file data37.cif (mmCIF, C-alpha atoms)
data_data
#
loop_
_atom_site.label_atom_id
_atom_site.label_comp_id
_atom_site.auth_asym_id
_atom_site.auth_seq_id
_atom_site.Cartn_x
_atom_site.Cartn_y
_atom_site.Cartn_z
CA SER Q 12 0.00 0.00 0.00
CA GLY Q 13 2.94 2.33 0.68
CA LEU Q 14 1.35 3.91 3.77
CA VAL Q 15 3.58 2.12 6.32
CA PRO Q 16 7.39 2.14 6.67
CA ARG Q 17 9.14 -0.58 4.65
CA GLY Q 18 12.84 -0.65 3.83
CA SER Q 19 13.79 2.56 5.66
CA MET Q 20 16.56 2.98 8.24
CA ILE Q 21 15.45 3.47 11.84
CA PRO Q 22 18.55 4.37 13.90
CA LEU Q 23 18.49 2.75 17.32
CA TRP Q 24 19.69 6.09 18.75
CA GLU Q 25 18.37 9.36 17.28
CA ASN Q 26 21.65 11.10 18.15
CA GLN Q 27 24.82 9.27 17.08
CA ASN Q 28 26.46 10.81 20.16
CA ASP Q 29 24.16 8.64 22.31
CA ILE Q 30 25.30 5.31 20.78
CA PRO Q 31 27.13 3.43 23.57
CA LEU Q 32 30.67 2.27 22.73
CA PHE Q 33 30.38 3.98 19.34
CA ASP Q 34 33.52 4.29 17.21
CA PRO Q 35 32.99 7.41 15.05
CA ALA Q 36 35.81 6.28 12.74
CA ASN Q 37 33.48 3.39 11.80
CA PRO Q 38 30.67 4.59 9.48
CA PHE Q 39 28.16 1.89 10.43
CA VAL Q 40 25.17 3.10 12.47
CA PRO Q 41 23.13 0.28 14.09
CA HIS Q 42 19.52 0.45 13.00
CA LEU Q 43 16.28 -1.40 12.29
CA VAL Q 44 14.83 -1.96 8.82
CA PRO Q 45 11.01 -2.06 9.05
CA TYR Q 46 8.71 -4.44 7.18
CA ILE Q 47 5.43 -3.30 8.79
CA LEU Q 48 2.10 -4.81 7.75
CA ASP Q 49 -0.79 -2.50 7.01
CA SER Q 50 -3.79 -3.35 9.18
CA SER Q 51 -6.77 -1.87 11.00
CA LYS Q 52 -6.04 -3.87 14.19
CA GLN Q 53 -2.98 -4.06 16.40
CA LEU Q 54 -0.43 -6.48 15.05
CA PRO Q 55 2.17 -8.75 16.65
CA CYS Q 56 5.78 -8.07 15.75
CA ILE Q 57 8.98 -10.10 15.28
CA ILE Q 58 12.42 -8.50 15.12
CA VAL Q 59 14.72 -10.65 12.99
CA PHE Q 60 18.37 -11.05 14.06
CA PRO Q 61 20.36 -12.29 11.03
CA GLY Q 62 23.40 -14.52 11.49
CA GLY Q 63 26.94 -14.07 10.24
CA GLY Q 64 29.35 -15.05 13.01
CA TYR Q 65 29.45 -11.50 14.43
CA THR Q 66 31.46 -10.40 11.37
CA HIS Q 67 28.60 -9.58 8.98
CA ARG Q 68 24.84 -9.97 8.67
CA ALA Q 69 23.48 -12.54 6.23
CA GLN Q 70 20.93 -11.13 3.81
CA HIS Q 71 19.09 -14.42 3.24
CA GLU Q 72 18.36 -14.32 6.99
CA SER Q 73 17.03 -10.74 6.74
CA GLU Q 74 14.39 -9.42 4.31
CA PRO Q 75 12.97 -12.78 3.04
CA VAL Q 76 12.35 -13.86 6.64
CA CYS Q 77 10.28 -10.71 7.14
CA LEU Q 78 8.36 -11.50 3.95
CA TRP Q 79 7.45 -14.87 5.44
CA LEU Q 80 6.50 -13.24 8.75
CA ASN Q 81 4.33 -10.71 6.88
CA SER Q 82 2.63 -13.59 5.05
CA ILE Q 83 1.38 -15.00 8.36
CA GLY Q 84 0.16 -11.68 9.78
CA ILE Q 85 3.24 -10.49 11.68
CA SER Q 86 4.84 -7.08 11.31
CA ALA Q 87 8.59 -7.46 11.16
CA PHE Q 88 11.92 -5.67 11.36
CA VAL Q 89 15.50 -6.62 10.52
CA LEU Q 90 17.95 -5.65 13.29
CA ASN Q 91 21.24 -4.54 11.74
CA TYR Q 92 23.34 -4.78 14.89
CA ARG Q 93 27.03 -3.96 15.17
CA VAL Q 94 29.64 -6.55 14.17
CA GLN Q 95 33.43 -6.87 14.02
CA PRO Q 96 35.53 -4.88 14.77
CA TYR Q 97 32.95 -4.07 17.40
CA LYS Q 98 32.93 -6.56 20.28
CA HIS Q 99 30.74 -7.49 23.21
CA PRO Q 100 28.74 -5.83 24.59
CA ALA Q 101 27.96 -3.63 21.57
CA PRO Q 102 25.73 -6.16 19.72
CA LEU Q 103 23.75 -6.93 22.89
CA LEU Q 104 23.29 -3.23 23.61
CA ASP Q 105 21.92 -2.82 20.09
CA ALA Q 106 19.50 -5.74 20.56
CA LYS Q 107 18.18 -4.44 23.89
CA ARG Q 108 17.77 -0.95 22.43
CA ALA Q 109 15.89 -2.33 19.41
CA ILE Q 110 13.27 -4.03 21.61
CA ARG Q 111 12.81 -0.93 23.80
CA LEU Q 112 12.53 1.23 20.68
CA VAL Q 113 9.87 -0.89 18.97
CA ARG Q 114 7.91 -1.20 22.21
CA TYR Q 115 8.17 2.55 22.85
CA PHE Q 116 6.86 3.36 19.36
CA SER Q 117 4.37 0.47 19.32
CA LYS Q 118 1.27 2.68 19.20
CA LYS Q 119 2.73 4.71 16.33
CA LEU Q 120 3.69 1.54 14.43
CA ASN Q 121 0.32 -0.18 15.16
CA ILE Q 122 2.09 -2.97 17.08
CA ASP Q 123 0.93 -4.75 20.24
CA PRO Q 124 3.61 -3.88 22.84
CA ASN Q 125 2.90 -7.22 24.55
CA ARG Q 126 3.49 -9.21 21.33
CA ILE Q 127 7.02 -8.16 20.37
CA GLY Q 128 9.30 -11.18 19.90
CA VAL Q 129 12.71 -11.87 18.41
CA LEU Q 130 13.85 -14.44 15.84
CA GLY Q 131 17.54 -15.15 15.29
CA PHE Q 132 19.71 -17.33 13.08
CA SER Q 133 23.13 -18.73 14.11
CA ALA Q 134 25.06 -15.86 15.76
CA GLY Q 135 21.83 -13.86 15.48
CA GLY Q 136 20.19 -16.65 17.44
CA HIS Q 137 22.91 -16.25 20.03
CA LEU Q 138 22.03 -12.56 20.23
CA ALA Q 139 18.30 -13.39 20.39
CA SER Q 140 18.91 -15.91 23.18
CA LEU Q 141 20.91 -13.26 25.07
CA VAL Q 142 18.22 -10.61 24.91
CA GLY Q 143 15.80 -13.41 25.89
CA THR Q 144 17.83 -14.08 29.05
CA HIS Q 145 19.60 -10.75 29.89
CA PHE Q 146 16.52 -8.51 29.74
CA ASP Q 147 15.22 -5.91 32.20
CA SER Q 148 11.95 -4.03 32.66
CA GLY Q 149 13.44 -0.58 31.98
CA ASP Q 150 14.98 2.34 33.89
CA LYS Q 151 11.83 4.15 34.92
CA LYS Q 152 13.61 7.39 35.93
CA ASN Q 153 15.75 7.65 32.78
CA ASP Q 154 15.86 10.94 30.88
CA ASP Q 155 15.42 8.94 27.65
CA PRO Q 156 11.79 7.71 27.58
CA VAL Q 157 12.86 4.75 25.44
CA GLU Q 158 15.14 3.57 28.25
CA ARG Q 159 12.14 3.39 30.61
CA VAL Q 160 10.67 0.57 28.50
CA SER Q 161 11.23 -3.16 29.02
CA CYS Q 162 13.62 -4.93 26.65
CA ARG Q 163 12.10 -8.37 27.35
CA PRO Q 164 10.81 -10.07 24.19
CA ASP Q 165 7.41 -11.72 24.45
CA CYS Q 166 8.67 -14.83 22.60
CA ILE Q 167 11.94 -16.14 21.13
CA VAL Q 168 12.58 -18.12 17.93
CA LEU Q 169 16.05 -19.66 17.61
CA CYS Q 170 17.20 -21.08 14.27
CA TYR Q 171 20.33 -23.26 14.38
CA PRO Q 172 21.57 -20.97 17.20
CA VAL Q 173 24.98 -20.35 18.61
CA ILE Q 174 24.26 -20.84 22.32
CA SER Q 175 27.35 -22.03 24.17
CA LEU Q 176 30.59 -20.06 24.01
CA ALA Q 177 32.72 -22.89 25.41
CA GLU Q 178 31.72 -26.52 24.84
CA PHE Q 179 30.21 -26.97 21.37
CA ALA Q 180 31.03 -23.31 20.65
CA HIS Q 181 31.21 -21.84 17.18
CA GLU Q 182 34.77 -20.61 17.66
CA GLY Q 183 34.52 -17.96 14.95
CA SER Q 184 31.59 -16.28 16.68
CA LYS Q 185 33.28 -16.54 20.07
CA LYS Q 186 36.47 -14.91 18.77
CA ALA Q 187 34.64 -12.15 16.88
CA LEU Q 188 32.54 -11.32 19.94
CA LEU Q 189 35.10 -11.63 22.73
CA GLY Q 190 38.65 -11.71 21.35
CA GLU Q 191 41.32 -14.34 21.73
CA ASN Q 192 41.68 -14.68 25.54
CA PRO Q 193 38.15 -14.01 26.78
CA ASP Q 194 37.23 -13.57 30.44
CA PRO Q 195 35.86 -16.95 31.69
CA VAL Q 196 33.09 -15.05 33.47
CA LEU Q 197 31.87 -13.65 30.15
CA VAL Q 198 32.21 -17.06 28.52
CA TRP Q 199 29.85 -18.37 31.20
CA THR Q 200 27.34 -15.50 31.23
CA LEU Q 201 27.26 -15.33 27.41
CA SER Q 202 26.66 -19.08 27.13
CA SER Q 203 22.98 -18.33 27.06
CA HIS Q 204 21.67 -21.68 28.33
CA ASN Q 205 23.35 -20.73 31.64
CA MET Q 206 21.15 -17.61 31.95
CA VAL Q 207 17.67 -19.05 31.36
CA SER Q 208 15.28 -18.19 34.21
CA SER Q 209 11.61 -18.75 34.97
CA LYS Q 210 10.95 -15.37 33.30
CA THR Q 211 12.51 -16.36 29.96
CA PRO Q 212 9.66 -16.14 27.38
CA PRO Q 213 8.26 -19.10 25.45
CA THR Q 214 10.85 -20.31 22.93
CA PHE Q 215 10.79 -22.21 19.61
CA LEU Q 216 14.04 -23.81 18.42
CA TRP Q 217 15.05 -25.70 15.31
CA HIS Q 218 18.33 -27.23 14.13
CA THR Q 219 19.75 -29.95 11.90
CA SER Q 220 21.38 -32.84 13.70
CA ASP Q 221 24.43 -33.01 11.41
CA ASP Q 222 25.07 -29.23 11.34
CA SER Q 223 28.86 -29.12 11.03
CA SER Q 224 29.27 -25.41 11.82
CA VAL Q 225 27.14 -24.98 14.93
CA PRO Q 226 26.64 -28.26 16.83
CA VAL Q 227 23.03 -29.27 17.45
CA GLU Q 228 24.07 -29.63 21.11
CA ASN Q 229 23.61 -25.84 21.31
CA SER Q 230 19.84 -26.16 20.83
CA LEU Q 231 19.68 -29.23 23.09
CA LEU Q 232 21.46 -27.33 25.89
CA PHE Q 233 19.08 -24.38 25.65
CA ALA Q 234 16.10 -26.76 25.67
CA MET Q 235 17.38 -28.50 28.82
CA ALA Q 236 17.66 -25.10 30.53
CA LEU Q 237 14.15 -24.01 29.49
CA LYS Q 238 12.69 -27.18 31.00
CA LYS Q 239 14.81 -26.80 34.13
CA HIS Q 240 13.19 -23.39 34.67
CA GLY Q 241 9.65 -24.38 33.72
CA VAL Q 242 9.49 -22.46 30.42
CA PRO Q 243 7.35 -24.28 27.82
CA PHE Q 244 9.16 -24.64 24.53
CA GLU Q 245 9.02 -26.20 21.08
CA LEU Q 246 12.05 -27.87 19.49
CA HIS Q 247 12.44 -29.43 16.05
CA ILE Q 248 15.63 -31.19 14.98
CA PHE Q 249 15.77 -32.57 11.47
CA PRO Q 250 18.42 -35.20 10.69
CA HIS Q 251 20.26 -33.59 7.77
CA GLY Q 252 21.01 -30.12 6.49
CA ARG Q 253 23.97 -27.82 6.15
CA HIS Q 254 24.22 -24.86 8.51
CA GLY Q 255 22.53 -21.66 7.43
CA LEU Q 256 19.47 -22.86 5.48
CA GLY Q 257 17.38 -19.85 6.52
CA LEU Q 258 13.74 -20.45 5.60
CA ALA Q 259 14.96 -23.66 3.88
CA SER Q 260 12.25 -23.25 1.22
CA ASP Q 261 13.88 -25.72 -1.20
CA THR Q 262 15.00 -28.30 1.39
CA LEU Q 263 12.78 -31.36 1.71
CA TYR Q 264 11.56 -32.00 5.28
CA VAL Q 265 13.65 -29.10 6.60
CA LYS Q 266 11.29 -26.59 4.98
CA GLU Q 267 8.66 -27.82 7.43
CA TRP Q 268 10.05 -25.61 10.20
CA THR Q 269 8.30 -22.42 9.08
CA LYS Q 270 4.90 -24.13 9.08
CA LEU Q 271 5.58 -25.55 12.54
CA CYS Q 272 6.68 -22.09 13.70
CA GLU Q 273 3.51 -20.52 12.30
CA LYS Q 274 1.41 -23.03 14.25
CA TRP Q 275 3.47 -22.43 17.41
CA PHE Q 276 2.87 -18.68 17.08
CA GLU Q 277 -0.82 -19.56 16.95
CA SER Q 278 -0.49 -21.95 19.90
CA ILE Q 279 1.00 -19.26 22.17
CA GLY Q 280 -1.53 -16.61 21.12
CA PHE Q 281 0.99 -14.59 19.11
CA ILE Q 282 -1.22 -14.79 16.01
CA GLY Q 283 -4.81 -15.83 15.40
#

call {"tool": "encode", "arguments": {"input": "data37.cif", "output": "C-alpha cells"}}
result
Amino acid sequence: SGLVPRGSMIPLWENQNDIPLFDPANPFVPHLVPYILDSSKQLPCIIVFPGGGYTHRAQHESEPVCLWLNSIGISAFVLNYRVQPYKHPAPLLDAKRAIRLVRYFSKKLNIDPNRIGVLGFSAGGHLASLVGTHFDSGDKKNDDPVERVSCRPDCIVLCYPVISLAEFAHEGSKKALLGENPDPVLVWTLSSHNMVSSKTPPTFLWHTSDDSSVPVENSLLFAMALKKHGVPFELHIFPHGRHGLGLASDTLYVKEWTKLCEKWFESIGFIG
C-alpha cells in the first residue's frame, strides 16, 4: 500500500552521540529496517536477528524472513546490529535498544507492545537468546523515555543458534565477539543456556542434527535449561542439512520448520 514504513533505516539512537561504545571512525550506524504490515487492528511483531558469526549480517536471513513473517500476519523488522571490529557488549546493547525502541513506538507503528518477539539465526540466534535471558523491565527514571521501556521479548525463535561459548562453541563467533583470551566469566554469562530463568519467554528452536558449523548440542542445551526453569518450549531437529538454510524453502523435510513455527505462534496466542 505504501502507507507504512518498509525498507527505511530506523537508527536505534536518534543522536549518534548517544550510541554506547560507538567508534565514530566506523561509518556503520546500528539500526532497524522495518517491514510493517498495514492493518486496522494491532499487530504482533517479530524483530529478525540475522546470522553471520558477528562479522557480517546474512541477507538471506534478513528481508525474506520478514516477507514470510508478513505472510502470516506479523509485522517485522531486521535488526542490523554492530559486528566486528565491534565486540561485546555492543551487539547486545543494540539488541536491547531495538526491543525498547519498537515497544516505545508500538502505538505509532500499530504494534501490540505485549506481542514483540525476536527471531535469530546462528550468531543472530545467540544474540536473540541473550536478549531473551539478559533482559530488564526498563529504567523508569531515565531521561530517555525509550530507556524506561522493558527490553524483554514476548517470545523467542532460535534457528540453528549459537548458544554455548565454550563446549560446542562456534569458535569464529566466540572470537569475533570476545577476542582471543576471553574472560571466563563472560564465557559463562554469554553461554545463554546458563542464563535461562523462569521469566525467559516461550521459545521455539530448530536445528539440523548433522550441522557441522554450529553443533546441534547448542539447541539441546538451551532446551534443557528451558525445561529446568519451567518455560514451555518447542524444538524441532531434522536429521540432515547444512548450517545456514534460513527459511529452507527448497529443502525437503527441513522446509517444514516455518509451518511448525507458524502453528506455534498460533499456539502461544501470538497470532490468530

call {"tool": "resolve_selection", "arguments": {"input": "data37.cif", "expression": "the PyMOL selection byres ((chain Q and resi 254-257) around 7)", "output": "JSON, numbers by chain"}}
result
{"Q": [71, 72, 222, 223, 224, 252, 253, 258, 259]}

call {"tool": "atom_distance", "arguments": {"input": "data37.cif", "atom1": "CA of residue 213 in chain Q", "atom2": "CA of residue 130 in chain Q"}}
result
12.1 Å

call {"tool": "closest_atom_pairs", "arguments": {"input": "data37.cif", "of": "range 40-113 of chain Q", "to": "range 260-279 of chain Q", "cutoff": "9 Å", "atoms": "only C-alpha atoms", "output": "Markdown table"}}
result
| residue | atom | partner | partner_atom | distance |
| --- | --- | --- | --- | --- |
| Q:79 | CA | Q:269 | CA | 8.4 |
| Q:80 | CA | Q:273 | CA | 8.6 |
| Q:83 | CA | Q:273 | CA | 7.1 |

call {"tool": "atom_distance", "arguments": {"input": "data37.cif", "atom1": "CA of residue 74 in chain Q", "atom2": "CA of residue 127 in chain Q"}}
result
17.7 Å

call {"tool": "atom_distance", "arguments": {"input": "data37.cif", "atom1": "CA of residue 22 in chain Q", "atom2": "CA of residue 40 in chain Q"}}
result
6.9 Å

call {"tool": "residues_around", "arguments": {"input": "data37.cif", "residues": "residue 246 in chain Q", "least_positions_apart": "4", "cutoff": "7 Å", "atoms": "all atoms listed in the file", "output": "list in words"}}
result
residues 215, 216 and 217 of chain Q

call {"tool": "write_last_selection", "arguments": {"input": "data37.cif", "atoms": "C-alpha atoms", "output": "PDB file, in the frame of the given file"}}
result
ATOM      1  CA  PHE Q 215      10.790 -22.210  19.610  1.00  0.00           C
ATOM      2  CA  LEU Q 216      14.040 -23.810  18.420  1.00  0.00           C
ATOM      3  CA  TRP Q 217      15.050 -25.700  15.310  1.00  0.00           C
TER       4      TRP Q 217
END

call {"tool": "closest_residue", "arguments": {"input": "data37.cif", "among": "Q:142, Q:187, Q:30, Q:69", "to": "residue 95 in chain Q", "atoms": "all atoms listed in the file"}}
result
Q:187

call {"tool": "resolve_selection", "arguments": {"input": "data37.cif", "expression": "the PyMOL selection byres ((chain Q and resi 174) around 6)", "output": "list in words"}}
result
residues 137, 172, 173, 175, 202, 203 and 229 of chain Q

call {"tool": "closest_residue", "arguments": {"input": "data37.cif", "among": "Q:96, Q:205, Q:220, Q:106", "to": "residue 235 in chain Q", "atoms": "all atoms listed in the file"}}
result
Q:205

call {"tool": "residues_near_point", "arguments": {"input": "data37.cif", "point": "(4.7, 3.3, 8.3)", "cutoff": "9 Å", "atoms": "all atoms listed in the file", "output": "MDAnalysis selection string"}}
result
chainID Q and resid 13:17 45:49 119:121

call {"tool": "resolve_selection", "arguments": {"input": "data37.cif", "expression": "the PyMOL selection byres ((chain Q and resi 98) around 9)", "output": "PyMOL selection string"}}
result
chain Q and resi 65+93-97+99-102+187-190

call {"tool": "closest_residue", "arguments": {"input": "data37.cif", "among": "Q:53, Q:28, Q:144, Q:91", "to": "residue 165 in chain Q", "atoms": "all atoms listed in the file"}}
result
Q:144

call {"tool": "residues_around", "arguments": {"input": "data37.cif", "residues": "residue 54 in chain Q", "least_positions_apart": "3", "cutoff": "7 Å", "atoms": "all atoms listed in the file", "output": "count of residues only"}}
result
5

call {"tool": "closest_residue", "arguments": {"input": "data37.cif", "among": "Q:82, Q:37, Q:140, Q:148", "to": "residue 114 in chain Q", "atoms": "only C-alpha atoms"}}
result
Q:148

call {"tool": "closest_residue", "arguments": {"input": "data37.cif", "among": "Q:56, Q:201, Q:207, Q:160", "to": "residue 143 in chain Q", "atoms": "only C-alpha atoms"}}
result
Q:207

call {"tool": "build_atoms", "arguments": {"input": "data37.cif", "residues": "range 122-138 of chain Q", "atoms": "N, CA and C atoms", "output": "CSV table (one decimal), keeping the file's coordinate frame"}}
result
chain,number,residue,atom,x,y,z
Q,122,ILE,N,1.6,-1.7,16.6
Q,122,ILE,CA,2.1,-3.0,17.1
Q,122,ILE,C,1.6,-3.2,18.5
Q,123,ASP,N,1.3,-4.4,18.9
Q,123,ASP,CA,0.9,-4.8,20.2
Q,123,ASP,C,2.2,-4.8,21.1
Q,124,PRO,N,2.4,-3.9,22.1
Q,124,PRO,CA,3.6,-3.9,22.8
Q,124,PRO,C,3.8,-5.1,23.7
Q,125,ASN,N,2.8,-6.0,23.8
Q,125,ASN,CA,2.9,-7.2,24.6
Q,125,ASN,C,3.0,-8.4,23.6
Q,126,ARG,N,3.2,-8.2,22.3
Q,126,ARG,CA,3.5,-9.2,21.3
Q,126,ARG,C,4.6,-8.8,20.4
Q,127,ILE,N,5.8,-8.5,21.1
Q,127,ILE,CA,7.0,-8.2,20.4
Q,127,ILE,C,8.0,-9.2,20.7
Q,128,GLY,N,8.3,-10.1,19.7
Q,128,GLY,CA,9.3,-11.2,19.9
Q,128,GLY,C,10.5,-11.0,19.0
Q,129,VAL,N,11.5,-11.9,19.2
Q,129,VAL,CA,12.7,-11.9,18.4
Q,129,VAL,C,12.9,-13.2,17.8
Q,130,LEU,N,13.5,-13.2,16.6
Q,130,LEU,CA,13.8,-14.4,15.8
Q,130,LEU,C,15.3,-14.3,15.3
Q,131,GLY,N,16.1,-15.2,15.6
Q,131,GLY,CA,17.5,-15.2,15.3
Q,131,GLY,C,18.1,-16.4,14.7
Q,132,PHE,N,19.0,-16.3,13.8
Q,132,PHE,CA,19.7,-17.3,13.1
Q,132,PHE,C,21.2,-17.3,13.5
Q,133,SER,N,21.7,-18.5,13.9
Q,133,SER,CA,23.1,-18.7,14.1
Q,133,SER,C,23.6,-17.7,15.1
Q,134,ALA,N,24.6,-16.9,14.8
Q,134,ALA,CA,25.1,-15.9,15.8
Q,134,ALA,C,23.9,-14.9,16.1
Q,135,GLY,N,23.0,-14.6,15.2
Q,135,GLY,CA,21.8,-13.9,15.5
Q,135,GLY,C,20.9,-14.6,16.5
Q,136,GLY,N,20.9,-15.9,16.4
Q,136,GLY,CA,20.2,-16.6,17.4
Q,136,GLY,C,20.9,-16.6,18.8
Q,137,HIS,N,22.2,-16.6,18.8
Q,137,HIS,CA,22.9,-16.2,20.0
Q,137,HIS,C,22.4,-14.9,20.6
Q,138,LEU,N,22.5,-13.9,19.8
Q,138,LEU,CA,22.0,-12.6,20.2
Q,138,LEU,C,20.6,-12.6,20.7
